[PDB]
């Protein structure tokens, strides 16, 4: 499987950018989460970025902190997330699925065992939020041994040595956080990095169009989707319709 290469190859022949929603697995319940994800795909999401609830998500702001709390209230465990991942993959054979992890859940039962389990359920990529490239060697080596793409964040304060490490070590895509933007994309394709997805504060269709025009292969909406869930917790049917309208509007914006 190279779902990301296939996704980007087709997107580029259709001169589209990728739209990638983030959502926490099991938020607000396991069954409602499974329906949220099916709505996001059907409305036109090109790939998925999925969080596993962790007790101490020190790299996340309040919207994702509350999403984790809702999922923990529903009894969601790492093992139940993996069960959910197998179901999603069974329904949707071609969409790339990326996990956003914290290092302790990857380390807990053995680094190699974690990536083996991702390969088994058909996960395509893993970003470990609290592992910098300097500490990444055992993680990305385990990822490569199990045909998992290791995803690295390229932050705004990145220098050149970081760009070269990110470009050599990453696969699938580069996670871009917001040095001029256009210059970052160009240095990254200079160093033959995986296609860059812009992931900072992507809230409106106009931002999706800007990212693609600026040279990025697409955009990740890192919390605007979780806000829609938070807004509409009491009305599940209004939740899915708002999610459907937002995602199709954002995905229309990627058609440049």
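Numbering follows the first chain given and starts at 1. Here, rigid core means the biggest group of C-alpha atoms that superpose within 1.5 Å across both forms.
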| query | finding |
| --- | --- |
| RMS CA shift, core-fitted in 8 other deposited structures of this protein, bigger for 97 to 105 or for 158 to 166 | 158 to 166 |
| Absent coordinates for residue 73 in a third or more of other compared entries | no |
| Coordinates lacking for residue 179, a third or more of other entries | yes |
| Continuity check for residue 178 and residue 179, given as deposited residues lacking coordinates between them | 10 or more |
| Mean Cα B-factor comparison, 21 to 29 or 236 to 244, giving the higher one as deposited | 236 to 244 |
| Between 81 to 89 and 125 to 133 (mean CA B-factor, as deposited), the higher | 81 to 89 |
| Residue with highest C-alpha B-factor in the PDB entry, from 46, 38, 206, 49 | 206 |
| Cα B factor band for residue 53 (lowest, middle or highest third within the chain) | lowest |
| Ranked against its chain, the third holding the CA B-factor of residue 97 | lowest |
| Chain-relative CA temperature factor third for residue 69 | highest |
| Record-listed C-alpha B factor of residue 185: chain third | highest |
| CA B-factor placement of residue 193, once the chain's modelled residues are sorted into thirds | middle |
